[PDB]
Amino acid sequence: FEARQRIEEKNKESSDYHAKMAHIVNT
Amino acid sequence: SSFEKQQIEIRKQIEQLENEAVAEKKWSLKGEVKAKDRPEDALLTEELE
Amino acid sequence: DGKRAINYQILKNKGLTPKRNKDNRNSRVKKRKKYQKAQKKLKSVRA
Amino acid sequence: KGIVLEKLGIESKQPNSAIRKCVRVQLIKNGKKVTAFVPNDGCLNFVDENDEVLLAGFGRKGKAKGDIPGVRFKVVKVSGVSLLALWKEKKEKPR
Amino acid sequence: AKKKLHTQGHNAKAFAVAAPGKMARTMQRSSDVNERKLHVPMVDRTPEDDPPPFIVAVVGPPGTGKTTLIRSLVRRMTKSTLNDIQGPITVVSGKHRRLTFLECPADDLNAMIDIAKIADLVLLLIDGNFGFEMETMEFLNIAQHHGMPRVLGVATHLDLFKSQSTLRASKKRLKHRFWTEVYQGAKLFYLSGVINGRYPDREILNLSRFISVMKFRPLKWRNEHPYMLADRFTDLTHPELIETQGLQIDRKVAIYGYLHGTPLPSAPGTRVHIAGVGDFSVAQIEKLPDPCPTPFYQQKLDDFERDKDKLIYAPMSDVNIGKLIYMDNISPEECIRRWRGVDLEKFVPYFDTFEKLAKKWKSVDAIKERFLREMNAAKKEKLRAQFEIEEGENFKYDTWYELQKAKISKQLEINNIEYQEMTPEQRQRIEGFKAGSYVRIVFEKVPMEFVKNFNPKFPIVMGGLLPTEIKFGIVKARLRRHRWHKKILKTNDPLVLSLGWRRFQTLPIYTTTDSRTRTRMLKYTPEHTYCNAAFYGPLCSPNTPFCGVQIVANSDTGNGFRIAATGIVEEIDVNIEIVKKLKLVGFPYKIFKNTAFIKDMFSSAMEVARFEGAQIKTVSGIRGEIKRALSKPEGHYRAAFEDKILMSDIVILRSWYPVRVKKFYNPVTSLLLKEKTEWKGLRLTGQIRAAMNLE
Amino acid sequence: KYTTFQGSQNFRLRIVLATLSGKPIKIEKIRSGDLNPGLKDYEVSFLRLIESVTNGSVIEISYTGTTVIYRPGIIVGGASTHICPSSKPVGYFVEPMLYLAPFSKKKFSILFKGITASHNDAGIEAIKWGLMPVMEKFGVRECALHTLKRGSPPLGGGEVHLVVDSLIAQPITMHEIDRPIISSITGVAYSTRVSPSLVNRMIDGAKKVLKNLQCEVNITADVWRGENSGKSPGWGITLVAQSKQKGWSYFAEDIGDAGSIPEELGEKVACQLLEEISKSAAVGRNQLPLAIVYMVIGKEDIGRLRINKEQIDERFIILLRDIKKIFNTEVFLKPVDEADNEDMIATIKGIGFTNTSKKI
Amino acid sequence: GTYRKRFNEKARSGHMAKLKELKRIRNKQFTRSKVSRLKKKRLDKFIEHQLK
RNA sequence: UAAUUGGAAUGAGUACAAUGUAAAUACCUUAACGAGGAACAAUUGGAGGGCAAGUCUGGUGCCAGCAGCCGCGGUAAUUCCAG
């Protein structure tokens with residue numbers, strides 16, 4: 001159960017990361 | 001007194017935080033927690049990610 | 001005496017300087033210790 | 001002189017990068033908002049928001065590996081005191 | 001260039017400058033001077049009519065002598081030599097100006113921190129012979145973080161120096177040193193001697209004139225919080241209450257002072273904080289005529305009717321629908337019946353029946369007011385009127401700062417024409433005791449310690465607490481070791497800090513962010529930069545700067561610097577999950593190629609099963625996972641790495657254990673204490689070990 | 001537990017004004033003279049809504065159900081889904097959120113599920129064209145209210161989605177001392193599970209009554225069919241008069257009845273529009289408590305608002321007697337100088353109000 | 001720069017009157033705000049449109 | 001190039017005196033004082049690497065990338081890539 005949490009949040013905190021980075025670079 | 005009654009229970013509280021900084025820290029608050037340092041079968045109860 | 005004194009740190013106010021030589025302090029020495037160092041090289045390039 | 005609107009690139013992982021150093025300052029005489037490097041990332045601790053900064057020209061001679069072209073400006077003084085005076089612990093930031 | 005210029009209606013070429021050089025060189029210099037003039041826009045909120053006395057607070061080392069310095073300034077402004085000055089004193093220095101002096105104690109940081117939040121103007125005297133002591137430097141650092149007052153330093157002991165050449169060099173050093181602490185171009189006045197018990201008139205006259213044109217700027221904290229300085233202290237209790245209850249009572253206390261900053265609301269029951277006593281609340285608000293009235297102000301009062309001897313005030317020292325609405329005895333049924341002569345839970349208000357409305361609204365001619373040669377003219381006029389209605393907002397300065405400043409200035413006199421109509425009765429309640437109204441506000445539940453141990457020499461202020469500020473949540477602040485202070489700050493080690501109007505020690509915790517994925521606590525402070533921190537205590541607004549100290553007891557100072565931690569607050573909640581890293585170490589006792597059996601990290605075979613699939617790593621830097629609990633010994637487990645682990649190698653499993661914030665809170669209660677120096681709170685971790693002789 | 005209110009009147013209003021102030025209240029003797037005394041089900045359901053958006057609030061109900069204790073916490077918010085009970089419509093739950101909408105720690109992304117219209121409480125169209133425009137004037141710019149599924153009594157099954165993204169520090173100080181001039185009359189006629197012809201019939205009745213007035217009259221004809229239309233059939237119309245120059249909107253609404261004439265209801269609401277406008281000055285009678293609050297919780301400054309005495313009823317005074325018991329703010333009322341009407345200017349010094357919760 | 005915008009018009013009022021006579025005599029041979037102006041252009045167009 | 005050493009020198013400053021000056025001050029003179037890094041404590045910009053039981057991002061193992069004032073303990077605590 002903790003595997004499915006530790007994986008899923010870490011995927012969200014990278015999938016939210018590249019969006020927040022690429023929104024900086026184009027602006 | 002009114003203020004003195006607050007300062008007594010502060011002085012009651014001030015010793016306990018002093019008598020915790022003296023003390024040995026909890027098994028989990030250390031690093032390199034070897035399985036003989038922590039109590040046997042205590043890892044499941046704590047629950048960490 | 002009761003009167004509190006300035007610390008040498010807060011007097012000169014030099015914070016976080018990297019370590020330096022003793023030989024930047026007197027330019028006529030660094031000219032001397034360069035030429036005396038650059039005369040050893042001259043014995044090594046030519047004879 | 002300009003007003004610190006917000007601090008760009010706080011969320012950058014890689015410390016002392018080029019994305020990290022950027023603050024977005026609006027000029028006071030025009031209201032045009034513009035980005036400016038604040039040199040040596042540990043400096044970013046000194047600027048907060050609404051902090052009256054002097055902008056200068058950045059004006060690099062040759063490009064680096066990770067630089068961001070279009071960062072025209074660099075920040076020199078903040079609340080009247082120099083960042084390089086702050087970074088060397090000479091003066092302190094007035095409020 | 002021939003046709004580009006002619007495109008504009010006026011000849012482009014005809015308008016030119018005789019000199020390119022002068023026009024261009026002057027243009028850049030003038031622009032730099034302007035840009036310099038521009039500053040971010042603020043609000044004053046101090047009245048044009050009745051301004052309060054700008055509080056000026058002499059500070060400095062005690063052996064120099066500031067009492068004799070304030071006696072040589074009030075004797076040249078009111079021509080009335082005083083004696084044994086104690087407490088705050090108000091003197092009229094001008095036709096509209098009247099400053100209020102306030103001798104700080106030099107020995108007490110508990111009052112030195114207290115005064116810098118309220119001092120409008122601070123006079124700092126540094127001994128010429130001894131330069132700057134620690135107390136001056138400590139006061140300057142605390143004042144800057146809270147909000148910089150206008151500083152006018154002075155330099156006593158100038159007379160002593162044997163050689164003028166050495167004296168001139170010393171003056172330049174102090175002048176240059178003063179520029180770095182304050183703003184360059186600011187010169188501290190020098191006083192040659194105190195032979196007659198007062199300074200020379202010529203030096204004092206320049207100092208008095210220089211202070212008069214100070215024109216102090218508006219501090220951010222002072223225009224958000226209603227504050228006041230207590231002029232005279234009064235207890236209002238029956239001695240029969242004292243004789244019966246036997247000195248145990250909390251005393252009903254009336255206090256007197258000038259309000260400042262923002263209007264303190266006149267409905268009794270706002271909570272308001274004595275600096276150094278605790279959170280109180282107001283009980284009764286009354287306004288009495290100010291003792292010191294400016295001569296211009298007195299002339300106006302005399303004219304309406306149709307005090308020269310006393311020019312100073314030192315009390316501590318010895319010589320309608322709406323009034324039908326706001327009643328509660330009237331029912332709202334009766335309110336409208338008194339005005340002509342229902343639950344809010346339903347949203348649609350009460351109409352009449354469609355039978356009654358359709359007969360009423362046959363004609364729309366009642367509501368037609370709200371819609372959109374002589375004859376011709378009329379028509380034209382009508383059209384014009386409609387054009388203004390159709391395009392008025394779109395149709396209706398050179399510098400943006402000047403404009404957005406008009407958003408404040410037009411907002412000022414639209415209070416003033418509003419307050420003027422009210423003014424005798426409605427304005428006072430709406431006014432809510434505006435700044436400089438010398439108010440008599442009384443208290444209750446002030447402790448017995450405050451009236452017994454009182455001396456007028458220390459000040460007492462009020463902070464009108466915002467409803468934000470009244471609670472107690474853990475705050476997210478960020479702070480650093482103040483770089484004068486030698487040792488670094490420790491996590492979970494008590495620190496007296498002045499946050500808002502309150503001074504208190506709490507137990508902070510110093511919490512970095514591991515590249516913004518969590519809040520990991522450190523154990524110490526990053527010794528040259530801001531670290532994100534957290535501490536229990538009272539709540540405040542974000543972007544509030546505080547300035548926290550170590551031991552504030554004057555019995556235990558030494559020669560170290562007292563101010564240790566400065567910073568602002570980021571946000572506030574009631575719960576921050578806060579993480580200490582712990583790692584579980586283990587050792588392999590049987591390796592293979594690419595698969596290890598690791599012992600003594602987990603105690604039971606069931607404990608392993610709570611942790612399987614965990615990304616184990618080693619010292620050497622190879623990764624892996626732990627897969628199955630080995631059975632026949634109770635503790636061990638098989639784990640597949642990426643490459644062959646050694647025997648000499650130490651596996652570590654990263655993990656996170658949440659911690660808490662210890663909810664200790666302790667207002668300093670400095671002037672409730674008898675001695676009023678040497679208030680001793682919670683000891684440091686190092687100090688307790690020495691007392692208990694532990695290692 | 002220090003401010004005490006009597007009676008179940010304006011119950012969702014009193015929780016709002018305690019929450020923004022942070023002053024704890026205790027509302028006792030709620031419906032004590034009933035065969036089923038105490039709270040209703042939805043009033044309990046509304047107290048679950050304030051708990052979901054505010055961390056730290058303590059809510060206590062006595063075991064007779066007539067005494068409710070509420071020490072307010074700070075507005076956190078975030079995103080969540082509230083289930084609305086079938087007694088009261090989803091719109092009724094939405095109105096209290098708008099008052100605390102610009103002040104939360106995060107964005108309000110609150111999903112409402114239930115019945116979406118009734119006789120008493122606000123329809124979705126009324127909130128979108130009435131409450132939202134008032135919020136925009138103060139300074140709540142990026143505020144919205146989306147419709148996913150539209151419901152109707154008695155089963156409903158409809159969904160709206162409150163999304164508020166402007167998180168401002170205070171409402172700006174409004175000055176409206178001019179009666180706004182109505183430019184256009186715009187209304188939306190909706191219907192679920194029933195004939196498209198009825199919606200057309202409703203539009204014909206409203207236009208005929210409003211034909212005499214000279215202004216552009218456009219009623220959007222919105223027809224809903226399928227699963228999106230909702231579990232139970234029904235219809236309604238909402239009409240909105242608006243002024244382009246000052247962005248002021250006036251409205252009136254009603255829904256269809258069990259057997260109603262759609263020619264009559266289209267004629268009725270347009271009469272209820274003009275009756276509302278005839279009593280109005282710069283607001284409506286159902287937009288006025290949203291704007292009275294925003295002058296109070298606006299910053300420490302005098303606002304002005306031109307209001308009319310026909311708006312001033314028994315209900316309006318109970319609004320101003322709930323504010324004085326919490327915020328202690330007298331609302332000064334001066335006559336206007338125009339001798340043709342009895343308008344009065346409502347001037348309020350706003351209490352100095354901030355965002356406790358927003359991060360910097 | 002005979003004609004300019006002075007810091008204070010009232011101080012130079014006597015000079016401005018004197019300057020006007022010189023400017024009129026020199027420019028006599030030939031003879032022998034915008035936002036308000038925009039409304040004026042709009043109003044004329046609107047009046048012409050209504051008449052049409 | 002030196003991780004023990006050796007005595008010499010000098011004014012920056014402090015200062016009798018004389019000189020200076022209208023009188024002072026400084027300079028020019030000159031008694032007595034005044035140099036070993038822990039001073040009597042050179043700066044202001046620049047090029048380049050290295051470190052953690054640190055963090056983050058990507059990846060066809062153990063790598064590549066960004067980077068790192070943050071580690072586990074600890075601030076009277078550490079002597080620490082001597083800094």
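Every chain here is numbered from 1 following its written sequence, a scheme that can differ from the numbering in the entry; residues without coordinates are not drawn. Naming scheme: in the order in which they are written, chains are lettered from A and ligands are numbered from 1. Because the shown chains make up only part of a larger assembly, each value pertains to the shown part and nothing beyond it. Values reported for side chains reflect all heavy atoms of the structure, with hydrogen atoms and water molecules removed beforehand. Residues with missing side-chain atoms are left out of burial classes, side-chain pairs and their counts.

The name the PDB entry assigns to chain C is Something about silencing protein 10, from the organism Saccharomyces cerevisiae.

Under the annotation held in the PDB entry, chain B carries the name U3 small nucleolar RNA-associated protein MPP10 and is attributed to Saccharomyces cerevisiae.

Undergrad: Sorry, what's going on with the overall build of chain B here?
TA: Labels follow the DSSP assignment, with helices taken as runs of H or I lasting at least four residues and strands as runs of E lasting at least two, numbered in each case from the N terminus. From N to C terminus, chain B includes two helices and zero strands. Considered along the principal axes of its C-alpha atoms, chain B spans approximately 50 × 20 × 15 Å.

Undergrad: Mind showing me how you'd approach the overall build of chain C here?
TA: Looking only at helices and strands, one finds three helices and zero strands in chain C. Each helix (α) and strand (β) of chain C, taken in turn from the N terminus, gives the series α-α-α. Across its three principal directions, the C-alpha atoms of chain C cover 70 × 20 × 15 Å.

Undergrad: Is there a simple way to think about the pairing of strand β2 (residues 25–28) of chain F in this case?
TA: Each regular strand shows side chains that alternate between the opposite faces of the sheet. Residues and elements named next belong to chain F. What makes two strands pair is DSSP finding at least two bridges between them. Relative to β2, strand β1 (residues 3–6) runs parallel, the two being bridged by four bridges. Bridge pairing in β2 places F5 opposite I27. Handedness rule for crossovers: strands pointing away from the viewer, path from the first strand over the helix to the second running clockwise, crossover right-handed. The handedness of the β1 to β2 crossover, carried by helix α1 (residues 11–21), is right-handed. Two elements, β2 and strand β5 (residues 68–71), share three bridges in a ladder whose sense is antiparallel.

Undergrad: Would you take a moment to explain the sheet that holds strand β10 (residues 158–164) of chain F for this structure?
TA: Sheet strands pair via backbone hydrogen bonds, and the direction of the pair is either parallel or antiparallel. Residues and elements named next belong to chain F. Strand order in the open sheet formed by four strands is β7-β8-β10-β9, and the pairing between neighbours is mixed. Edge positions in the sheet fall to β7 (79–83) and β9 (143–149), since each has one partner strand and no second. Adjacent strand axes in the sheet meet at a mean angle of 20° when their direction is disregarded. Pairing analysis gives six bridges linking β9 to β10, with the strands arranged antiparallel. Bridge pairing in β10 links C143 to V164. Axis angles are defined between N-to-C directions and span 0 to 180 degrees, where every axis is a line fitted to C-alpha atoms and, for a helix, only to the segment in contact.

Undergrad: Before we go on, may I ask you to explain the interface of chain F and chain E in this structure?
TA: Interface size is commonly expressed as the accessible surface area that is lost when the partners come together. Note on contacts: a residue pair qualifies if any of its non-hydrogen atoms lie within 4.5 Å across the two residues. Listed per partner, the contact involves 17 residues of chain F and 16 residues of chain E. Amino acids outside the nonpolar list (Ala, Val, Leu, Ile, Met, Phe, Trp, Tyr, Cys, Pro) and the charged list (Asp, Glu, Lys, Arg) are all regarded as polar, and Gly is one of them. Each residue belonging to the side of chain F that touches chain E can be placed in one class, and the counts come to four nonpolar, eight polar and five charged.

Undergrad: Is there a simple way to think about the interface of chain E and chain B in this case?
TA: Of the residues lining the interface, 15 residues belong to chain E; the matching set on chain B comes to 13 residues. Of the residues forming the side of chain E that touches chain B, the biggest block, five residues, is contributed by strand β24 (residues 578–591) of chain E. For the side of chain E that touches chain B, the class distribution of residues is six nonpolar, three polar and six charged.

Undergrad: Explain the packing of helix α1 (residues 2–15) of chain A against helix α2 (residues 17–26) of chain A here, please?
TA: Helices that pack against each other are described as a pair by the angle of their axes relative to one another and the distance between those axes. Residue and element names in this part refer to chain A. For the pair α1 and α2, interaxial distance at closest approach is 3 Å and the crossing angle is 5°. The orientation of α1 with respect to α2, classified from their angle, is roughly parallel. Two secondary-structure elements touch here, α1 through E13, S14 and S15 and α2 through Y17, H18 and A19. Per-class residue counts for the contact of α1 with α2 are two nonpolar, three polar and one charged. Should an angle fall under 35 degrees it is taken as roughly parallel, and over 145 as roughly antiparallel, whereas 65 to 115 is taken as roughly perpendicular and any remaining angle as oblique.

Undergrad: Any chance you could explain the environment of F:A281 here in plain terms?
TA: Residue and element names in this part refer to chain F. Locating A281 in the fold gives a position in the loop between α6 (262–278) and α7 (288–296). Taking the C-alpha atoms as reference points, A281 and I307, separated by 26 residues in sequence, lie 4.8 Å from one another. If sequence neighbours within four positions are ignored, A281 has contacts with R306, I307 and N308.

Undergrad: Would you mind showing me how to read unusual backbone geometry here?
TA: Among all residues except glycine, the phi angle is most often negative; among peptide bonds, the trans geometry is most common. With an omega of 5°, the peptide bond running from F:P153 to F:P154 counts as cis. On the secondary structure map, F:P154 appears in the loop between β9 and β10. Here E:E678, not a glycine, exhibits a phi torsion of approximately 45°, which is positive. In this structure, E:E678 sits in the loop between β30 (666–667) and α18 (685–692).

Undergrad: When you look at helix α4 (residues 124–138) of chain F in this model, what are you seeing that I'm missing?
TA: Residues and elements named next belong to chain F. For α4, which comprises 15 residues, the first-to-last C-alpha distance of 21 Å matches the rise-based estimate of 21 Å (1.5 Å per residue) to within 8%. The seven residues ending at a residue and the seven starting there each receive a fitted axis; the angle between those axes is the bend at that residue. Of all the bends in α4, the greatest reaches close to 30° and is centred on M132; the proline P133 follows between one and four positions later. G139 sits one or two positions beyond α4 and adopts a positive phi of about 135°. Helix span, expected: 1.5 Å multiplied by one less than the number of residues in the helix.

Undergrad: Whenever I open this one, the arrangement of the chains confuses me. Can you help?
TA: As for chain F relative to chain A, no contact occurs, and the smallest C-alpha gap between them is 17 Å. Taking C-alpha atoms as the reference, chain E and chain G come no closer than 7 Å and do not contact one another.

Undergrad: So what exactly am I meant to see when it comes to the packing of helix α5 (residues 196–210) of chain F against α6(F) here?
TA: All names here are of chain F. Closest axis-to-axis distance for the α5/α6 pair is 7 Å, and the angle between their directions is 40°. The angle between α5 and α6 places the two elements in the oblique class. Our pair here, α5 against α6, has a crossing hand that is right-handed. Residues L198, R201, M202, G205, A206 and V209 of α5 touch α6, and the partners they reach there are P262, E263, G266, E267 and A270. For a crossing to be left-handed, the near helix must be turned anticlockwise from the far one by less than a right angle; the clockwise case is right-handed.

Undergrad: What is the right way to read the sheet that holds strand β17 (residues 332–335) of chain F from this model?
TA: All names here are of chain F. Read from one edge of the open sheet, four strands run β11-β16-β18-β17, paired in mixed fashion. Single-partner strands in this sheet number two, and they are β11 (175–176) and β17. Here strand β16 (residues 302–308) pairs with strand β18 (residues 343–349) via five bridges, running antiparallel. The residue bridging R306 from the neighbouring strand is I345, located in β18.

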